[PDB]
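Heads up, upload28.pdb below (PDB, C-alpha atoms and all ligand atoms):
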```
ATOM      1  CA  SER A   3     -34.806  42.532  61.507  1.00  0.00           C
ATOM      2  CA  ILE A   4     -36.400  46.013  61.118  1.00  0.00           C
ATOM      3  CA  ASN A   5     -39.966  46.254  59.723  1.00  0.00           C
ATOM      4  CA  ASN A   6     -40.870  49.390  57.684  1.00  0.00           C
ATOM      5  CA  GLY A   7     -37.355  50.802  57.969  1.00  0.00           C
ATOM      6  CA  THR A   8     -37.967  52.684  54.668  1.00  0.00           C
ATOM      7  CA  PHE A   9     -41.247  54.319  55.829  1.00  0.00           C
ATOM      8  CA  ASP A  10     -43.266  53.400  52.722  1.00  0.00           C
ATOM      9  CA  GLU A  11     -46.059  52.283  55.112  1.00  0.00           C
ATOM     10  CA  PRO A  12     -47.680  54.096  58.090  1.00  0.00           C
ATOM     11  CA  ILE A  13     -46.350  53.969  61.638  1.00  0.00           C
ATOM     12  CA  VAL A  14     -48.416  51.281  63.386  1.00  0.00           C
ATOM     13  CA  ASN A  15     -48.066  52.620  66.992  1.00  0.00           C
ATOM     14  CA  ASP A  16     -49.534  49.613  68.837  1.00  0.00           C
ATOM     15  CA  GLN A  17     -46.975  48.720  71.526  1.00  0.00           C
ATOM     16  CA  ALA A  18     -49.468  46.508  73.415  1.00  0.00           C
ATOM     17  CA  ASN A  19     -50.337  44.075  70.569  1.00  0.00           C
ATOM     18  CA  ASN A  20     -47.636  44.622  67.846  1.00  0.00           C
ATOM     19  CA  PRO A  21     -44.366  45.823  69.519  1.00  0.00           C
ATOM     20  CA  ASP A  22     -42.368  44.348  66.586  1.00  0.00           C
ATOM     21  CA  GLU A  23     -43.646  47.299  64.494  1.00  0.00           C
ATOM     22  CA  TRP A  24     -42.707  50.977  65.132  1.00  0.00           C
ATOM     23  CA  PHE A  25     -44.332  52.539  68.237  1.00  0.00           C
ATOM     24  CA  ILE A  26     -44.005  55.711  70.342  1.00  0.00           C
ATOM     25  CA  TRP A  27     -43.950  55.754  74.186  1.00  0.00           C
ATOM     26  CA  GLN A  28     -44.362  59.080  76.073  1.00  0.00           C
ATOM     27  CA  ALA A  29     -43.916  59.733  79.800  1.00  0.00           C
ATOM     28  CA  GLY A  30     -46.926  62.093  79.916  1.00  0.00           C
ATOM     29  CA  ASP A  31     -49.230  59.073  79.507  1.00  0.00           C
ATOM     30  CA  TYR A  32     -47.881  57.565  82.787  1.00  0.00           C
ATOM     31  CA  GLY A  33     -47.790  60.423  85.391  1.00  0.00           C
ATOM     32  CA  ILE A  34     -43.949  60.725  85.087  1.00  0.00           C
ATOM     33  CA  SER A  35     -43.633  64.162  83.394  1.00  0.00           C
ATOM     34  CA  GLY A  36     -45.429  66.355  80.822  1.00  0.00           C
ATOM     35  CA  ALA A  37     -43.689  64.625  77.846  1.00  0.00           C
ATOM     36  CA  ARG A  38     -45.997  64.672  74.792  1.00  0.00           C
ATOM     37  CA  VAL A  39     -45.907  64.215  70.997  1.00  0.00           C
ATOM     38  CA  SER A  40     -48.555  66.391  69.239  1.00  0.00           C
ATOM     39  CA  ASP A  41     -48.318  64.778  65.775  1.00  0.00           C
ATOM     40  CA  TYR A  42     -46.533  61.949  63.882  1.00  0.00           C
ATOM     41  CA  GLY A  43     -46.718  60.194  60.495  1.00  0.00           C
ATOM     42  CA  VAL A  44     -45.082  59.306  57.176  1.00  0.00           C
ATOM     43  CA  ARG A  45     -44.865  61.321  53.994  1.00  0.00           C
ATOM     44  CA  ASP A  46     -42.757  61.150  50.823  1.00  0.00           C
ATOM     45  CA  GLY A  47     -40.798  58.117  52.090  1.00  0.00           C
ATOM     46  CA  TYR A  48     -39.768  59.389  55.553  1.00  0.00           C
ATOM     47  CA  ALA A  49     -41.094  59.463  59.154  1.00  0.00           C
ATOM     48  CA  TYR A  50     -41.791  62.694  61.135  1.00  0.00           C
ATOM     49  CA  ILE A  51     -42.425  63.091  64.925  1.00  0.00           C
ATOM     50  CA  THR A  52     -43.509  66.487  66.318  1.00  0.00           C
ATOM     51  CA  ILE A  53     -42.653  67.105  69.985  1.00  0.00           C
ATOM     52  CA  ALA A  54     -44.869  69.475  72.031  1.00  0.00           C
ATOM     53  CA  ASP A  55     -43.281  68.854  75.477  1.00  0.00           C
ATOM     54  CA  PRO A  56     -39.891  67.119  75.761  1.00  0.00           C
ATOM     55  CA  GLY A  57     -40.065  65.945  79.406  1.00  0.00           C
ATOM     56  CA  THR A  58     -37.045  66.026  81.767  1.00  0.00           C
ATOM     57  CA  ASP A  59     -34.999  63.006  80.617  1.00  0.00           C
ATOM     58  CA  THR A  60     -33.983  61.646  77.222  1.00  0.00           C
ATOM     59  CA  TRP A  61     -36.052  58.417  77.558  1.00  0.00           C
ATOM     60  CA  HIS A  62     -39.280  60.407  78.288  1.00  0.00           C
ATOM     61  CA  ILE A  63     -40.097  60.105  74.525  1.00  0.00           C
ATOM     62  CA  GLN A  64     -39.137  56.895  72.686  1.00  0.00           C
ATOM     63  CA  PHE A  65     -39.553  55.731  69.035  1.00  0.00           C
ATOM     64  CA  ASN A  66     -38.912  52.007  69.219  1.00  0.00           C
ATOM     65  CA  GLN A  67     -39.307  48.485  67.677  1.00  0.00           C
ATOM     66  CA  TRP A  68     -38.646  44.960  69.133  1.00  0.00           C
ATOM     67  CA  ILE A  69     -36.063  42.884  67.206  1.00  0.00           C
ATOM     68  CA  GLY A  70     -34.456  39.423  67.537  1.00  0.00           C
ATOM     69  CA  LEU A  71     -30.597  39.187  67.545  1.00  0.00           C
ATOM     70  CA  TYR A  72     -28.146  36.290  67.868  1.00  0.00           C
ATOM     71  CA  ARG A  73     -25.816  36.120  70.884  1.00  0.00           C
ATOM     72  CA  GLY A  74     -22.156  36.591  69.879  1.00  0.00           C
ATOM     73  CA  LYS A  75     -22.925  37.963  66.406  1.00  0.00           C
ATOM     74  CA  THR A  76     -21.799  41.263  64.876  1.00  0.00           C
ATOM     75  CA  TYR A  77     -24.268  43.708  63.264  1.00  0.00           C
ATOM     76  CA  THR A  78     -24.320  47.096  61.566  1.00  0.00           C
ATOM     77  CA  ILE A  79     -26.806  49.695  62.836  1.00  0.00           C
ATOM     78  CA  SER A  80     -27.610  52.506  60.356  1.00  0.00           C
ATOM     79  CA  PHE A  81     -30.095  55.356  60.024  1.00  0.00           C
ATOM     80  CA  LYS A  82     -30.745  58.774  58.441  1.00  0.00           C
ATOM     81  CA  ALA A  83     -32.034  61.690  60.558  1.00  0.00           C
ATOM     82  CA  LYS A  84     -32.585  65.431  60.822  1.00  0.00           C
ATOM     83  CA  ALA A  85     -34.578  68.045  62.806  1.00  0.00           C
ATOM     84  CA  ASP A  86     -36.114  71.473  62.130  1.00  0.00           C
ATOM     85  CA  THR A  87     -33.791  72.955  64.785  1.00  0.00           C
ATOM     86  CA  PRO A  88     -30.388  71.543  65.785  1.00  0.00           C
ATOM     87  CA  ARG A  89     -30.421  69.204  68.821  1.00  0.00           C
ATOM     88  CA  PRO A  90     -29.236  65.745  70.033  1.00  0.00           C
ATOM     89  CA  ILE A  91     -31.012  62.334  70.175  1.00  0.00           C
ATOM     90  CA  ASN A  92     -29.868  58.949  71.512  1.00  0.00           C
ATOM     91  CA  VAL A  93     -29.866  55.585  69.697  1.00  0.00           C
ATOM     92  CA  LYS A  94     -29.847  52.384  71.744  1.00  0.00           C
ATOM     93  CA  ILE A  95     -30.159  48.577  71.766  1.00  0.00           C
ATOM     94  CA  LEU A  96     -31.677  47.621  75.157  1.00  0.00           C
ATOM     95  CA  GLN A  97     -33.805  45.049  76.947  1.00  0.00           C
ATOM     96  CA  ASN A  98     -37.610  45.171  76.302  1.00  0.00           C
ATOM     97  CA  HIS A  99     -38.371  44.700  80.016  1.00  0.00           C
ATOM     98  CA  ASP A 100     -37.037  45.752  83.466  1.00  0.00           C
ATOM     99  CA  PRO A 101     -34.202  46.397  84.242  1.00  0.00           C
ATOM    100  CA  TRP A 102     -33.813  47.870  80.749  1.00  0.00           C
ATOM    101  CA  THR A 103     -30.074  47.021  80.371  1.00  0.00           C
ATOM    102  CA  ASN A 104     -28.471  49.140  77.613  1.00  0.00           C
ATOM    103  CA  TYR A 105     -26.386  46.826  75.369  1.00  0.00           C
ATOM    104  CA  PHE A 106     -25.531  49.653  72.896  1.00  0.00           C
ATOM    105  CA  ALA A 107     -25.824  53.446  73.398  1.00  0.00           C
ATOM    106  CA  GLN A 108     -24.696  56.536  71.403  1.00  0.00           C
ATOM    107  CA  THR A 109     -25.807  60.191  71.104  1.00  0.00           C
ATOM    108  CA  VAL A 110     -25.883  61.985  67.714  1.00  0.00           C
ATOM    109  CA  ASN A 111     -26.182  65.761  66.996  1.00  0.00           C
ATOM    110  CA  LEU A 112     -28.875  66.508  64.368  1.00  0.00           C
ATOM    111  CA  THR A 113     -29.107  69.540  62.030  1.00  0.00           C
ATOM    112  CA  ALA A 114     -31.719  70.731  59.460  1.00  0.00           C
ATOM    113  CA  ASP A 115     -29.856  68.704  56.739  1.00  0.00           C
ATOM    114  CA  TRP A 116     -30.337  64.965  56.273  1.00  0.00           C
ATOM    115  CA  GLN A 117     -27.285  62.966  57.457  1.00  0.00           C
ATOM    116  CA  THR A 118     -26.407  59.248  57.823  1.00  0.00           C
ATOM    117  CA  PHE A 119     -25.041  57.550  60.969  1.00  0.00           C
ATOM    118  CA  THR A 120     -23.553  53.988  60.952  1.00  0.00           C
ATOM    119  CA  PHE A 121     -22.146  51.919  63.894  1.00  0.00           C
ATOM    120  CA  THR A 122     -20.867  48.323  64.391  1.00  0.00           C
ATOM    121  CA  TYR A 123     -22.370  46.345  67.313  1.00  0.00           C
ATOM    122  CA  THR A 124     -21.634  42.888  68.781  1.00  0.00           C
ATOM    123  CA  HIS A 125     -24.568  41.242  70.663  1.00  0.00           C
ATOM    124  CA  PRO A 126     -23.188  40.065  74.037  1.00  0.00           C
ATOM    125  CA  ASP A 127     -22.827  36.298  74.681  1.00  0.00           C
ATOM    126  CA  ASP A 128     -25.417  36.461  77.494  1.00  0.00           C
ATOM    127  CA  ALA A 129     -27.789  39.155  76.210  1.00  0.00           C
ATOM    128  CA  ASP A 130     -31.532  38.462  75.720  1.00  0.00           C
ATOM    129  CA  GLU A 131     -32.512  37.043  72.254  1.00  0.00           C
ATOM    130  CA  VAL A 132     -35.410  39.502  71.870  1.00  0.00           C
ATOM    131  CA  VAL A 133     -34.539  43.166  72.562  1.00  0.00           C
ATOM    132  CA  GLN A 134     -35.542  46.573  71.163  1.00  0.00           C
ATOM    133  CA  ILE A 135     -34.046  49.410  69.135  1.00  0.00           C
ATOM    134  CA  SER A 136     -34.863  52.825  70.693  1.00  0.00           C
ATOM    135  CA  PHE A 137     -34.494  56.421  69.532  1.00  0.00           C
ATOM    136  CA  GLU A 138     -34.718  58.699  72.626  1.00  0.00           C
ATOM    137  CA  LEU A 139     -36.257  62.072  71.751  1.00  0.00           C
ATOM    138  CA  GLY A 140     -36.812  63.601  75.213  1.00  0.00           C
ATOM    139  CA  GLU A 141     -35.200  66.505  77.136  1.00  0.00           C
ATOM    140  CA  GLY A 142     -33.798  68.443  74.182  1.00  0.00           C
ATOM    141  CA  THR A 143     -35.585  71.198  72.238  1.00  0.00           C
ATOM    142  CA  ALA A 144     -39.236  70.744  71.299  1.00  0.00           C
ATOM    143  CA  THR A 145     -39.193  70.464  67.487  1.00  0.00           C
ATOM    144  CA  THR A 146     -39.921  68.048  64.599  1.00  0.00           C
ATOM    145  CA  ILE A 147     -37.486  65.126  64.150  1.00  0.00           C
ATOM    146  CA  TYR A 148     -37.277  63.038  60.904  1.00  0.00           C
ATOM    147  CA  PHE A 149     -36.054  59.473  60.145  1.00  0.00           C
ATOM    148  CA  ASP A 150     -35.320  57.300  57.087  1.00  0.00           C
ATOM    149  CA  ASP A 151     -33.469  54.091  56.009  1.00  0.00           C
ATOM    150  CA  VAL A 152     -33.213  52.386  59.433  1.00  0.00           C
ATOM    151  CA  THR A 153     -31.427  49.015  59.252  1.00  0.00           C
ATOM    152  CA  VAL A 154     -29.939  46.454  61.626  1.00  0.00           C
ATOM    153  CA  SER A 155     -28.043  43.912  59.455  1.00  0.00           C
ATOM    154  CA  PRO A 156     -25.499  41.104  59.980  1.00  0.00           C
ATOM    155  CA  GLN A 157     -21.947  42.189  59.241  1.00  0.00           C
TER
HETATM  156  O1  LIG B   1     -47.518  49.721  87.620  1.00  0.00           O
HETATM  157  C1  LIG B   1     -46.726  50.538  88.445  1.00  0.00           C
HETATM  158  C2  LIG B   1     -46.409  51.833  87.700  1.00  0.00           C
HETATM  159  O2  LIG B   1     -46.531  51.653  86.269  1.00  0.00           O
HETATM  160  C3  LIG B   1     -46.249  52.855  85.557  1.00  0.00           C
HETATM  161  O3  LIG B   1     -46.328  52.020  84.069  1.00  0.00           O
HETATM  162  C4  LIG B   1     -45.496  51.204  83.267  1.00  0.00           C
HETATM  163  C5  LIG B   1     -44.278  52.020  82.870  1.00  0.00           C
HETATM  164  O4  LIG B   1     -43.391  52.118  83.966  1.00  0.00           O
HETATM  165  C6  LIG B   1     -43.631  51.282  81.676  1.00  0.00           C
HETATM  166  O5  LIG B   1     -42.526  52.254  80.827  1.00  0.00           O
HETATM  167  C7  LIG B   1     -41.416  51.727  80.165  1.00  0.00           C
HETATM  168  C8  LIG B   1     -40.364  52.722  80.633  1.00  0.00           C
HETATM  169  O6  LIG B   1     -40.086  52.640  82.016  1.00  0.00           O
HETATM  170  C9  LIG B   1     -39.182  52.345  79.754  1.00  0.00           C
HETATM  171  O7  LIG B   1     -38.046  53.486  80.039  1.00  0.00           O
HETATM  172  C10 LIG B   1     -36.814  52.977  80.431  1.00  0.00           C
HETATM  173  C11 LIG B   1     -36.613  53.552  81.811  1.00  0.00           C
HETATM  174  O8  LIG B   1     -37.538  52.960  82.742  1.00  0.00           O
HETATM  175  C12 LIG B   1     -35.150  53.260  82.171  1.00  0.00           C
HETATM  176  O9  LIG B   1     -34.842  53.933  83.427  1.00  0.00           O
HETATM  177  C13 LIG B   1     -33.544  53.775  83.972  1.00  0.00           C
HETATM  178  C14 LIG B   1     -33.714  53.149  85.328  1.00  0.00           C
HETATM  179  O10 LIG B   1     -34.359  51.904  85.251  1.00  0.00           O
HETATM  180  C15 LIG B   1     -32.298  53.018  85.899  1.00  0.00           C
HETATM  181  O11 LIG B   1     -32.576  52.869  87.409  1.00  0.00           O
HETATM  182  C16 LIG B   1     -32.073  52.090  88.471  1.00  0.00           C
HETATM  183  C17 LIG B   1     -31.837  52.989  89.672  1.00  0.00           C
HETATM  184  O12 LIG B   1     -32.948  53.832  89.892  1.00  0.00           O
HETATM  185  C18 LIG B   1     -31.535  52.097  90.857  1.00  0.00           C
HETATM  186  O13 LIG B   1     -31.353  52.913  91.995  1.00  0.00           O
HETATM  187  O14 LIG B   1     -30.324  51.449  90.536  1.00  0.00           O
HETATM  188  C19 LIG B   1     -30.424  50.557  89.432  1.00  0.00           C
HETATM  189  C20 LIG B   1     -29.064  49.880  89.334  1.00  0.00           C
HETATM  190  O15 LIG B   1     -29.096  48.604  89.945  1.00  0.00           O
HETATM  191  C21 LIG B   1     -30.791  51.324  88.156  1.00  0.00           C
HETATM  192  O16 LIG B   1     -31.088  50.453  87.086  1.00  0.00           O
HETATM  193  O17 LIG B   1     -31.870  54.340  86.145  1.00  0.00           O
HETATM  194  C22 LIG B   1     -31.651  55.101  84.976  1.00  0.00           C
HETATM  195  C23 LIG B   1     -31.286  56.528  85.394  1.00  0.00           C
HETATM  196  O18 LIG B   1     -29.946  56.683  85.019  1.00  0.00           O
HETATM  197  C24 LIG B   1     -32.922  55.160  84.123  1.00  0.00           C
HETATM  198  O19 LIG B   1     -32.602  55.609  82.831  1.00  0.00           O
HETATM  199  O20 LIG B   1     -34.284  53.832  81.212  1.00  0.00           O
HETATM  200  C25 LIG B   1     -34.395  53.208  79.936  1.00  0.00           C
HETATM  201  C26 LIG B   1     -33.357  53.800  78.986  1.00  0.00           C
HETATM  202  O21 LIG B   1     -32.038  53.467  79.405  1.00  0.00           O
HETATM  203  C27 LIG B   1     -35.826  53.430  79.402  1.00  0.00           C
HETATM  204  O22 LIG B   1     -36.083  52.759  78.193  1.00  0.00           O
HETATM  205  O23 LIG B   1     -39.518  52.568  78.403  1.00  0.00           O
HETATM  206  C28 LIG B   1     -40.405  51.548  78.007  1.00  0.00           C
HETATM  207  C29 LIG B   1     -40.498  51.381  76.470  1.00  0.00           C
HETATM  208  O24 LIG B   1     -39.237  50.995  75.967  1.00  0.00           O
HETATM  209  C30 LIG B   1     -41.710  51.860  78.725  1.00  0.00           C
HETATM  210  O25 LIG B   1     -42.667  50.895  78.338  1.00  0.00           O
HETATM  211  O26 LIG B   1     -44.472  51.184  80.541  1.00  0.00           O
HETATM  212  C31 LIG B   1     -45.523  50.290  80.795  1.00  0.00           C
HETATM  213  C32 LIG B   1     -46.434  50.236  79.570  1.00  0.00           C
HETATM  214  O27 LIG B   1     -45.716  50.744  78.468  1.00  0.00           O
HETATM  215  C33 LIG B   1     -46.301  50.682  82.061  1.00  0.00           C
HETATM  216  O28 LIG B   1     -46.992  49.498  82.393  1.00  0.00           O
HETATM  217  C34 LIG B   1     -47.139  54.048  85.991  1.00  0.00           C
HETATM  218  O29 LIG B   1     -46.677  55.221  85.368  1.00  0.00           O
HETATM  219  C35 LIG B   1     -47.099  54.303  87.503  1.00  0.00           C
HETATM  220  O30 LIG B   1     -48.104  55.205  87.924  1.00  0.00           O
HETATM  221  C36 LIG B   1     -47.255  52.998  88.291  1.00  0.00           C
HETATM  222  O31 LIG B   1     -47.041  53.258  89.692  1.00  0.00           O
HETATM  223 CA    CA B   2     -37.747  55.929  52.712  1.00  0.00          CA
END
```

Produce structure tokens that represent the structure in this file.
Amino acid sequence: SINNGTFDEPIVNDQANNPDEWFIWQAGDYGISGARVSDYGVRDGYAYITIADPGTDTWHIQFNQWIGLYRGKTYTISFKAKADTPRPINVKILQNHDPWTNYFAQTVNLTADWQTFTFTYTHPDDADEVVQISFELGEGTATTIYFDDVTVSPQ
């Protein structure tokens, strides 16, 4: 399941050695675009991520964690989110390697007020057993985005 979904502990950000804890990937680090996060952290029980350059596609900035799920089983995906200026983000369940098949994908419009978003999800019979949750923060307005109470739980 999700580790540090309440944000009582710092964001680890070590994709190479601990991808099962929260990490950020940015396209600017890979010669793909200018996509860059200037600051991130936790305070008062929530996560914040400050975008300096959003890149040119939604996946150019990702806030992700690997998770194990059972084939054929139904889950609930839930999270709280907001942003200093109104804009969209995506939420996905996808493979953690090429070809990055998206098993679940939705877009949500954020405002300056905290709101909650909750979706049912059935893991496909032939999906990989280890996948990742991904919040895609690229393309849209450069601003600060906030998260809290992220869960992926059996129905
Ligand atoms: O070593 C060579 C190379 O390495 C670079 O470094 C590595 C870097 O690539 C890797 O980044 C991961 C990142 O890619 C991943 O983002 C994925 C994103 O790739 C994915 O893109 C999809 C496309 O895959 C899909 O394209 C295909 C299409 O073009 C083709 O014609 O048809 C196919 C159909 O059969 C179709 O699949 O196309 C869509 C466009 O609609 C793209 O969206 O999209 C998903 C989201 O859906 C996104 O997650 O994110 C990972 C983290 O989750 C990144 O890790 O990262 C490694 C280390 O982290 C690097 O090693 C260098 O930059 C280059 O210089 C080198 O040459
Ligand atoms: Ca919290």

*Residues within 10 Å of (-45.8, 62.1, 53.7), file coords, all atoms listed in the file, listed as a list in words*: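 Residues lying no farther than 10 Å from the given point: residues 9, 10, 11, 12, 43, 44, 45, 46, 47, 48, 49 and 50 of chain A.
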
*asked:* For a quick check of understanding, using all atoms listed in the file, which of A:71, A:129, A:139, A:29 has the smallest distance to ligand LIG 1 (chain B)?
replied: A:29

Edge lengths and centre, in Å to one decimal, as JSON: that's what I need for the box along x, y and z that holds all listed atoms of ligand LIG 1 (chain B) plus 3 Å on each side.
```
{"center_x": -38.6, "center_y": 52.6, "center_z": 84.0, "size_x": 25.0, "size_y": 14.1, "size_z": 22.0}
```

_One decimal, in Å: what's the spacing between atom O21 of ligand LIG 1 (chain B) and atom CA of residue 31 of chain A?_
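It comes out at 18.1 Å.
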
_With the PyMOL selection byres (((chain A and resi 23) around 8) and not hetatm) as the selection, what would be picked from this file? Answer as a VMD selection string, please._
chain A and resid 5 to 6 13 to 17 20 to 22 24 to 25 67 to 68

*asked:* Need the shell around residue 126 of chain A: protein/DNA/RNA residues with any atom at most 10 Å away, counting all atoms listed in the file. Skip same-chain ones fewer than 4 positions apart. Format as a list in words?
replied: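 Using all atoms listed in the file, the neighbours found are residues 71, 72, 73, 74, 75, 76, 105, 106, 130 and 131 of chain A.
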
*For a cut-off of 9 Å around (-25.9, 52.6, 68.7), file coordinates, pick out all residues using only C-alpha atoms and list them as a list in words.*
residues 79, 80, 92, 93, 94, 95, 105, 106, 107, 108, 109, 120, 121, 122, 123 and 135 of chain A

*Site check for ligand LIG 1 (chain B): residues at most 9 Å away, all atoms listed in the file, as an MDAnalysis selection string*: chainID A and resid 17:18 26:34 59:67 94 96:104 107 134:136 138

_Resolved residues for the PyMOL selection byres (((chain A and resi 39) around 9) and not hetatm) as a list in words_ = residues 26, 28, 37, 38, 40, 41, 42, 51, 52, 53, 54, 55, 56 and 63 of chain A

*Expressed in Å to a single decimal, how great is the separation between atom CA of residue 70 of chain A and atom CA of residue 132 of chain A?*
4.4 Å

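Our summary of the geometry notes that atom CA of residue 128 of chain A is positioned 25.3 Å from atom CA of residue 152 of chain A.
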
*If you apply the PyMOL selection byres (((chain A and resi 87) around 12) and not hetatm) to this file, what residues do you get, as a ChimeraX atom specification?*
/A:52-53,84-86,88-90,111-115,142-148

Could those residues be written to a file, using C-alpha atoms, as a tab-separated table (two decimals), keeping the file's coordinate frame?
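This is the output file out-v5.tsv:
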```tsv
chain	number	residue	atom	x	y	z
A	52	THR	CA	-43.51	66.49	66.32
A	53	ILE	CA	-42.65	67.10	69.98
A	84	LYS	CA	-32.58	65.43	60.82
A	85	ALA	CA	-34.58	68.04	62.81
A	86	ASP	CA	-36.11	71.47	62.13
A	88	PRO	CA	-30.39	71.54	65.78
A	89	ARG	CA	-30.42	69.20	68.82
A	90	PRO	CA	-29.24	65.74	70.03
A	111	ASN	CA	-26.18	65.76	67.00
A	112	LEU	CA	-28.88	66.51	64.37
A	113	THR	CA	-29.11	69.54	62.03
A	114	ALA	CA	-31.72	70.73	59.46
A	115	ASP	CA	-29.86	68.70	56.74
A	142	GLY	CA	-33.80	68.44	74.18
A	143	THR	CA	-35.58	71.20	72.24
A	144	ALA	CA	-39.24	70.74	71.30
A	145	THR	CA	-39.19	70.46	67.49
A	146	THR	CA	-39.92	68.05	64.60
A	147	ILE	CA	-37.49	65.13	64.15
A	148	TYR	CA	-37.28	63.04	60.90
```

*Nearest to residue 137 of chain A among A:149, A:91, A:19, A:154, with distances taken over only C-alpha atoms: which residue is it?*
A:91

*Which is closest to ligand CA 2 (chain B) among A:125, A:157, A:35, A:150, if we use all atoms listed in the file?*
A:150

*Which of these residues is nearest to residue 140 of chain A, using all atoms listed in the file: A:4, A:119, A:58, A:36?*
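Going through A:4, A:119, A:58, A:36 one by one, the smallest distance to residue 140 of chain A is for A:58.
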
*Of the candidates A:78, A:83, A:155, A:69, which one gets nearest to ligand CA 2 (chain B) if we count all atoms listed in the file?*
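Smallest separation from ligand CA 2 (chain B) among the options: A:83.
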
*asked:* Which residue is closest to residue 81 of chain A? Choose from A:7, A:118, A:141, A:133 and count all atoms listed in the file.
replied: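 For residue 81 of chain A, the nearest of the candidates is A:118.
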